[PDB]
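Values quoted throughout were computed directly from the atomic coordinates according to the rules given, and no laboratory measurement underlies them. We place every Cβ from the backbone using ideal geometry, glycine too, and count neighbours over all the protein chains shown.
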Amino acid sequence: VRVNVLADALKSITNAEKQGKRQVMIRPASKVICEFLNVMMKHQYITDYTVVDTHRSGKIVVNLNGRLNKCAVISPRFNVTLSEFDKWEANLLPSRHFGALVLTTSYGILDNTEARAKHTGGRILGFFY
Amino acid sequence: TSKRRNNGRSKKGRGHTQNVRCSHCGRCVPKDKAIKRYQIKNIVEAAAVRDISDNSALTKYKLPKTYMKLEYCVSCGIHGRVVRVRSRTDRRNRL
Amino acid sequence: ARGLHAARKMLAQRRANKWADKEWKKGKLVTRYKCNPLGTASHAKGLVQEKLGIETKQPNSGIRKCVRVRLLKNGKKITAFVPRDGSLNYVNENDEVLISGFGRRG
Amino acid sequence: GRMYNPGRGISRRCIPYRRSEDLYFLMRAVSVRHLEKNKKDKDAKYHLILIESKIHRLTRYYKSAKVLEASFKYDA
RNA sequence: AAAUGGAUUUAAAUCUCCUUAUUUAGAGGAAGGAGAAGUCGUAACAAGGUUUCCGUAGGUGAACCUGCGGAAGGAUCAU
RNA sequence: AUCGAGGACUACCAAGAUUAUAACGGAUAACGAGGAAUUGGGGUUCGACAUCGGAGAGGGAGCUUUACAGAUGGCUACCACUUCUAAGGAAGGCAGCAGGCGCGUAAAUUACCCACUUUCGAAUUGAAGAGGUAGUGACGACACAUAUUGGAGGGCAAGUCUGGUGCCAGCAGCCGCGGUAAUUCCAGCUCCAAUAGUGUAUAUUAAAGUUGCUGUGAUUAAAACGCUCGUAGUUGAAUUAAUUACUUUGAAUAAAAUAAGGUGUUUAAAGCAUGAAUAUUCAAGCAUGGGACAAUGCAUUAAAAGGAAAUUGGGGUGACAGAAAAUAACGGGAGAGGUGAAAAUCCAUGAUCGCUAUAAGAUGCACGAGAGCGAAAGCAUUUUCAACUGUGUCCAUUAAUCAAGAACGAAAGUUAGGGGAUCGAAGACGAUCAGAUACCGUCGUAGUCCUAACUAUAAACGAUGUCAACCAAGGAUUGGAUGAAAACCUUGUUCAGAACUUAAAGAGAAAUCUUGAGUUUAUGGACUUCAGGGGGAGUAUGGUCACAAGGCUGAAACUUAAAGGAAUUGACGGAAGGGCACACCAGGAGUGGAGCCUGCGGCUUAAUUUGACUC
RNA sequence: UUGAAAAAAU
RNA sequence: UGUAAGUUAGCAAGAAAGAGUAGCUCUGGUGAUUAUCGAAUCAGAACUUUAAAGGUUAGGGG
Ligand SMILES: NC[C@@H]1O[C@H](O[C@H]2[C@@H](O)[C@H](O[C@@H]3[C@@H](O)[C@H](N)C[C@H](N)[C@H]3O[C@H]3O[C@H](CO)[C@@H](O)[C@H](O)[C@H]3N)O[C@@H]2CO)[C@H](N)[C@@H](O)[C@@H]1O
C-alpha cells in the first residue's frame, strides 16, 4: 500500500522532467509534500505550484522548466546529527556547490544550506540536484 | 534463451489444456501445441470425377466432400513437410 | 527490511548469510585444530617412512620425487615434496624433516 | 485491490463536492456451513476459510474500538 | 586450662546410576576422490540416427529402457 | 545469621518467575576495560601481557592470627607428586627472580647494587630478584660506513648471450617452459628491485561493490517457497495557527594512548626537558531551549486504501451420444492382424467384412480460439462461491508483507472395497542387429475408472515473489456502464481482464524486456524467501512426519583452474531449400578370370639400395 | 531397412 | 518418586533403581434429615521403643 506519500510524489516529478513534461499532477498533497516544494522553489528549480481543493487531500500541479535533475526521497528518515552533515553531503550530493539536502527540524522544514546556520539537526527527507 | 516468445504453444491465461493424439504417430500432444490443419477433399479424385458422370443412375447428383481435421505434433509435423524451419527474424511471421 | 526499527532482521540476516562463504567459515569451524595435520602451526617436524614418486598431471610428464612423512605431534601421514633437483639423496630414513605448507593457502 | 483475489476494481460512489452491521453480514459463514451435505466441496471449504479469517479480522479491530466486549468469540 | 566421649555445621576422598569431548576396533562393511596411452558398449551434443529433460514406478553388466503426467531450455511463434 | 539490606537460612502461607524482543542449554584455542593492526566514509581482526578491576598459587575442602586473608614464600585432612634418613621419622609447594627436564616452529644471565621511583619499620640511618645498571638479543623503531637476497617468458625489472640434458632429470605461488636449435632446467658472462637488509611458510586487514546499512544478485551464469490463509516482526493515507524518541547546549567525566599546541635530545625516533582549554565518554544516565517528523489512548473527512448491502463464470459439489471391444442371430466360403520386408497370432468349431439387437467400463471429437473461470493444482453434453460494472448506501484505518502454524496440492506410488471395456512399467513371443535383454509387430499381471484413508513430490515454468506511484505510439479481444445509429450487429467515452505490433527512446553482458527484466554508481517506496567458484552433495549423522517408497531440516574430511551464461566466424548434420559434376540413369569399352612385361608388399640374402602408402 | 568405434601430448 | 535400548506404536514394564511402613495420644477431609445420626477410607502432627510387611501368604534381576 501507500507507505510514503512523499516517496511516490517525488518520483512522479523526477520522471516527468526526464520526459520533458511542462507540468505534472500529484494526487495526494500532504503538508510535507507542499513544504518540500517550497524548498525547491527558493533554489528556482521550479516556478510555482497549486493546491486543488478536492476535500480528499487534493492534487498538486507542479510547474517546472527543465531544471530539476533528480529529486528523490530517502528511506526511513535517519537522525542527522549536526556534526554528521559532512557524511551525507559527500555521498548524496554531486558537488559542494550544486546539491541541496532537505531536513525536518523542530523549527520547521529546512535545507542543509540553512539548517547548518540555524545550528540544528534532525531527520532527513530527501534531496534534489 | 527462449527460442520462442510464446514457448511454441498458444496458451496464455490457462494453466492446463487437455491432451490430444497426433494423427501420424499417435503421440500425446497438448491441444494448443498441436499443428491443426483442416482438409477438404472430394472422395472421387479429379482424375475420376468425370468417370462417374458418364454412368450415374441419378440425374443431378453432386459428389460430396470429405471433412477431416488433422492434428500433428512437432516430431512428424516437420518431418511431414507441413511446416519448416524458418529464419530467426522470419519466425515472427504469423500469416 | 529497510525500516528504521528493523535492526534485528538485518543483523540476523547477516549472521545467517555469513556462514555460506568458503573462507571465513574455515576460521570458525573447529576443524583446523582437528583435521588439519599442521593445525595452527607454521612448521611440522616428522619422520621419513617411504620414498614415493608421483607422476605429474595430464598435460605434463615426469615423476616427482616425494617422501611419506609421519609427524611427531599427530602421527598422521603426509606426502612431502623434496625441494630441489637431485635432492632426494640428501634426505635419509628416520631423520628430522621440517614440513611447512605450500604456496596455496593451506 | 481485493484482499484475497488478485482483482483490482475501482468502482465507487462519489459523494459530491458540497455539504448542503458489516460484522453481522459476514456471519455468509453460516450459509456455507451447505458444507454438511457436500463434504467433498473442497472449493467451498477453501472459500469458507477466507470468510472465517475476515470475521476474525473485524473482531480483532472492533474490540480495540470497544464496540464489542473483549469476551467476543465466533463459534458456529 | 591439656587429653578424651557425644551431638550439630561446612564437608574433602570414595562406590553405584546420570551427559558432554578425545580415542583403540584387525583385515572387517559400504561410500567418495585423484593418477598420459587398460577392457565392454553408444547413452548425450546435428532430427546424435527412438527429440531431450523433470517427477514417479518397474527392469537390467553398463551407459540406460519402458509405462503415466508435465516442459520447450524443440526440430513448430504460422493455414 | 552476617558489620550490614535480602530466601542468605529456617517454620508457615499463596503459586508464582522467565519465554519467539531467543528463556533454559551447548562451544571457545573467552579474564573484561583503557586500547592495538588496518582503514576514503562505513567497517573487519586482535587485546594473557605497560595502567584499572577480577581470579588463582598442583585439586577442591576446613580454619588460625589480625583492622582487612577462606592468606598457601600460614596451618590441617584427603588425592597426585618431591627431598633426607641411622629404616625409628622429618617438610615441600619457583603460575616470584635466574636456572634444570619435557613440551614444541617458538622465546635471555643459576650477575651486581638499594644510586634514581616507591613501600615497610621500634621510624632522618635498617630491608626490598619491587627498582636501577650490566649480559644475550635481525620481534620491532630512528640517523647512518662502503653486501647480500631473489629474478631476468606474462602479471613484474631485466638477456632475441653459449654448453649439456631430450616429456627423463627438472623449474614453476598462477598461466606454463622441457619429446635432440630450452627467452623459464642444471651451469659460464651481464643488470633488475631493495639495501643492513632479504627470500620462505602461517595468520589479521585493504583490494572484496566476493558478506553487500552506506553496497550485491535472483529469466537464462548460483539462487523467488507449488499456491493461498495466518500469529510474532517490520511498514502503515490526509487533517489540529502527559510521557518517550529526535535535536541544540552544558555538568561531571583515571592516567597511558589516538591527532596534536609549545619545546633544535645536533635533525629524527625520542623526552616534557610552560604541562596546550589539550577534543575524546560509542553505548547508557543527569538538567535544559524546539516540536517538524515520530510510538503510546482519553473531538474533521470519507483516500483510483480497505471492508459490508443488475450481470459474467469449461469456478466447486450432488442427482445425451456413438467410436473400440464383447455377446446373439442372419449372409459368405478363405483368408485376416502386421511390417521398409516378414513372422509369432486368429480362421473350415466359419475368421476378416455387412445389417439388426443386448448389457456394463470408459470417453466428452467436430464447435475449441495466443478465448473464459480458478490462489495454485485444474476446469469441456444439458437440466454454493468468486469477480467486474452501476451506486449523493453504511463503518472509519479496520491496511501491505509475513518466522512459527495450517488448508488445497498434476502424474506415479500405498491400503481395503466395487469395476476391470481401451491402452499398458514387469513379463512372453516374432522381427532387426555382431549382440538388442530396446526402438518396430502381437499378447498380457499391476495400473488406467469410482469410493474412503494416506503420500506432498514435477521443466508444480512466465525458470520472472507480494502490495503501491509515474510510464511513447497503434491495431484488435472478453464482461459491464453511458450516447448516437431502430437481444445480435457498426461506432464514440470509460472501468476491469488474457494478450499482441513498432520504437531512432530506457535497461541489460547479450539474447531480450516496455501491463518491466524502465524510473539504479544520479545507488534508500514497504515486506518475506533464497545464493556465494566446480565436485564431494541434498551424501553421512542427528531430529521429525509417513503402513511403506520416501519427504522437510541437513555439514565436513578430501579434491580441482576452471565449471557456467548470451551472441560472432568456421566446421559438421543419417536437417531443410535452391543449383552443379561420366557422380549416376540408358549404354560402349573394359579391369577382375589365363600366359607374359613392369612396379609394390612379403620371404630370402653378404647385399637383394632407397623415397612414396586412399582419391 | 541397416550404418559401431578412431590411443595421451605437441 | 523414577523407569533405557527396541518396537507391529499397541507393548517392553512389576523394567532397572531409591525412600517410607511399629506402638500410643490426637487433628482434618470424604454424607442424610432439620444440632442429631451412620460408613470404613485417605492425609497430617507430637511422644516412646527392642527403628517396625516378613508367624503365615508372599516376583531374583540384567
Ligand atoms: N571421478 C569419479 C568417477 O569416475 C568415473 O570414471 C572413472 C573411471 O572409470 C575412468 O576410467 C578411464 C576409462 O573410462 C577409459 N575408458 C580408460 C582410461 N584409461 C580410464 O582412466 C583411468 O584409469 C587409468 C588406469 O591407469 C588411469 O591412468 C587414469 O588416470 C584414470 N582416469 O576414469 C574415471 C576416473 O578414474 C566416471 N568418470 C564418473 O562417474 C566420475 O568422474
- Query: Straight-line reach from residue C:57: which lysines have Cα under 16 Å away, leaving out those fewer than 8 places along the same chain?
  - Reply: C:65
- Item | Residues of the range A:97-118 with amide N under 17 Å of the 7 Å Cα→Cβ point at residue A:5 | A:109
- Query: Okay, which of the range C:38-66 sit inside 12 Å, backbone N to the point 7 Å along the Cα-Cβ direction of residue C:74?
  - Reply: C:38-45
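Whole number please: convex hull volume per residue, Cα atoms of chain B, in Å³. Mind showing how you got there, number by number?
On the way: hull volume 17.2 nm³, N = 95.
Hull volume over Cα atoms, normalised by residue count, gives 181 Å³.
Pulled fully out, how much extra length does the chain show between residue B:36 and residue B:3, if you take 0.36 nm times their separation in residues and subtract their Cα-Cα distance?
9.8 nm
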- Task: Can you give me the three principal axis dimensions of chain D from its C-alpha atoms, in Å, biggest first?
- Result: 54, 34, 20
- For chain C, report the translational diffusion coefficient in µm²/s to the nearest whole number, using Stokes-Einstein at 37 °C, 0.692 mPa s, and a Kirkwood Rh over Cα pairs. 189 µm²/s
- Kirkwood hydrodynamic radius of chain A from all distinct Cα pairs, in Å? 15.1 Å
- Hits in the range C:79-106: amide N under 12 Å from the 7 Å Cα→Cβ extension of residue C:26, namely C:102-106
- Task: Taking the Cβ of each residue in C:72, D:48, A:10, C:88 as the centre, tally the other Cβ atoms inside 10 Å and list the residues starting with the fewest.
- Result: C:72, C:88, D:48, A:10
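Kirkwood Rh and Cα-based Rg: tell me the resulting Rg over Rh for the protein assembly as shown, rounded to two decimals. Provide the component values of the computation, followed by the final result.
Working: Rg = 40.1 Å, Rh = 33.8 Å.
Computed over Cα atoms, the ratio is 1.19.
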- Message: Quick check for me: using +1 on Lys/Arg Cβ and -1 on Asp/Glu Cβ, what's the dipole size of chain C about its Cα centre, in debye to the nearest 20?
- Response: 1060 debye
- Positive-pole candidate from B:47, B:18, B:2, dipole of chain B, charges at beta carbon: B:2
- Task: Over 15 Å, how big is the tail of the calculated P(r) for the range B:29-74, in percent of all Cα pairs?
- Result: 59 percent
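Provide the packing ranking of A:20-31, B:36-47, i.e. peptides ordered by the mean count of other C-beta atoms within 10 Å per residue, highest first.
On the way: A:20-31: 14.6, B:36-47: 10.1.
Highest to lowest by the protection proxy: A:20-31, B:36-47.
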- Task: Could you give the DSSP H helices of chain A that reach 15 angstrom or more along their long axis (alpha carbon positions) and whose average Kyte-Doolittle hydropathy is no lower than 0.5?
- Result: A:31-42
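Which order do peptides A:62-71, C:4-13, D:1-10 fall in by mean Cβ count within 10 Å, highest first? Numbers along the way, then the final one.
Values: A:62-71: 16.4, C:4-13: 10.4, D:1-10: 7.8.
Put in order of decreasing packing, that is A:62-71, C:4-13, D:1-10.
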- To the nearest 0.05, what FRET efficiency results for residue D:59 and residue A:95 with a Förster distance of 41 Å applied to their C-beta separation? 0.10
- So what does the Cα-only Debye profile of the range C:34-89 read at q = 0.16 Å⁻¹, as log10 I(q)/I(0), no solvent term? -0.58
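Less than 15 Å Cβ to Cβ from residue D:1, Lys/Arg counted +1 and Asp/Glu -1: what total charge do the surrounding residues give?
Details: positive: A:2, D:2, D:8, D:12; negative: none.
Neighbourhood net charge equals +4.
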- Message: Quick check: pseudo-label points 7 Å beyond the Cα along Cα→Cβ at residue C:61 and residue B:59, how many nm apart are they?
- Response: 10.1 nm
- Message: Checking the table C:25/C:45; C:22/C:76; B:33/B:65; A:11/D:54; B:33/D:54; A:11/D:45 against a 32 Å threshold on Cα-Cα, which pairs fail?
- Response: A:11/D:54; B:33/D:54; A:11/D:45
